[PDB]
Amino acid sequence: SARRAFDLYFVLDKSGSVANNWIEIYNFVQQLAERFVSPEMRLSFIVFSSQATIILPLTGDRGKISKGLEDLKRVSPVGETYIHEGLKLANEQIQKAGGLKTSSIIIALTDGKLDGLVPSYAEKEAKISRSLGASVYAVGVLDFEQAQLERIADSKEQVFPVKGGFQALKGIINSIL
């Protein structure tokens, strides 16, 4: 089919710094998983704090997606911000699904407040994402670090604030196309 199939990987920050704004991260994902969820699309739900976890493996089944959203709702944000581990679990599923032979999109929800080695590990891991043929988007939360999100996303054009709401979602939907 001329219609391009898309694999969407949500890499969600569940650290302590976003604990009071976790509803904003869930709302964005819940809105995106229904407003722009055409057939032949597949989604994955990944969260990260001090450890990364695949809450929803890559699937297009509407039932498992719905149950993945229910699991995101019960998430208790706490811990460090190891976004490279979250990106790494997306890269593992991308390579498994076919790597360069897939059309994979990574959407990271975070405040970009990284510490220690995570800035370099996150930038390196995102380059692995781009080497696998994936397009990386960064959706900033709270008073997010714009410069940090630009060094992770493909460009400043792929960095958007979550406060933009439906307009920001639409901008990301039009950007994916």
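Residue positions are given as counts along the sequence shown, with the first one as 1.
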{"property": "Stretch with the higher entry mean CA B-factor, where the candidates are 37 to 45 and 121 to 129", "result": "37 to 45"}
{"property": "Higher-scoring stretch by recorded Cα B factor average, 8 to 16 or 159 to 167", "result": "159 to 167"}
{"property": "Residue selected from 32, 54, 109, 152 by maximal Cα B factor", "result": "32"}
{"property": "Third of the chain's Cα B-factor distribution that residue 136 belongs to, per the entry", "result": "lowest"}
{"property": "B-factor third for the C-alpha atom of residue 116 within its chain", "result": "middle"}
{"property": "Entry-reported Cα temperature factor of residue 94, expressed as the chain third it lands in", "result": "middle"}
{"property": "Position of residue 100 among the chain's modelled residues by C-alpha B-factor, lowest, middle or highest third", "result": "highest"}
